[PDB]
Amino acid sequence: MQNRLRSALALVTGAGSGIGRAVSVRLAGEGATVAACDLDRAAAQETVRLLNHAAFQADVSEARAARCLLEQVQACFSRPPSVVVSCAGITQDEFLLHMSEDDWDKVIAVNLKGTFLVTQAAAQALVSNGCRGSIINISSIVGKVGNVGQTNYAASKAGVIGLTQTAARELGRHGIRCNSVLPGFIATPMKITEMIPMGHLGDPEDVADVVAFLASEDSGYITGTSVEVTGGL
C-alpha cells in the first residue's frame, strides 16, 4: 500500500462485497474518501465500518437510480467523485439451450446497462464541473474468451469492454480516463489452479491493487485499455 489518492473522492459500486469491498479498503488506504455504493445498503455500511466515508444505496441498472446516486454523492461531498469503479455485477449461469429470458435480461441489465449508466452519470458530473477523472470498469477474462454456461455473462462483459473503449475515446479530451480490469478466478462470494501459472486462485486484494494503479496518476497516460489480472490463466 501507498498514498496516491489523498485528495480523491472515490465512488465504488458493488462496494458491499468481494472485489468492491477490497477496492474500497485499498482506495481508503491510499488516502481517498470513499462513497461506497451497493444494492444492499447494510453491505455498503459494513464496508464503510471497515475503512468522511459514506454509504449509499442504489440499483445501478436503474437510470433514475444511477443519476440520483451521483447527485447524492455530490450533495454529500460538495464535489463529484474523481475515481469511479463499477464492481456491481452478477451471474445467472445456464446453458444457452435452456437460458430463460430472465437469466439473460437480469445479467445484461446489472452488468452492462448498469456500468453504462454509472460511467455516463460519472462523466456528466465531472465534465459539468470541469474536473479530471478516472473511471474503472470491472469486466472479466470471460468477456474476452467466453465460458460454457455463461453466454449471458460473457456477452455483458464483452459489452463492458466495448463500452469502455468508446467512452475513453470520447472522454479523453475532457481529462477523463476509462479502463477495464479483467480478473481471472478470484476467491470471493460470487483443477483450475493447474491451469494457473502463478499456482493459486486470486484474492480480491489482487484486483484492488490494479484498480488502485489505474485510479492513480501513475497510469495517467493509460486509457481505453484492459488489464488482465488472472495469474496467467
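For every residue, the number given is its place in the sequence shown, counted from 1.
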- Residues with no coordinates between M190 and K191, taken from the deposited sequence as a class: 10 or more
- In this entry, is the chain continuous from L51 to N52, or are deposited residues missing in between (none, 1 to 3, 4 to 9, 10 or more)? 10 or more
- Task: Ordered by C-alpha B-factor within the chain, which third holds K157? Give me lowest, middle or highest, please.
- Result: middle
- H200: CA temperature factor from the record, placed by chain third, in the middle
- Cα B factor band for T225 (lowest, middle or highest third within the chain): highest
- Assigned third (lowest, middle, highest) for the C-alpha B factor of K106: middle
- Item | Chain thirds of CA B-factor: placement of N179 | lowest
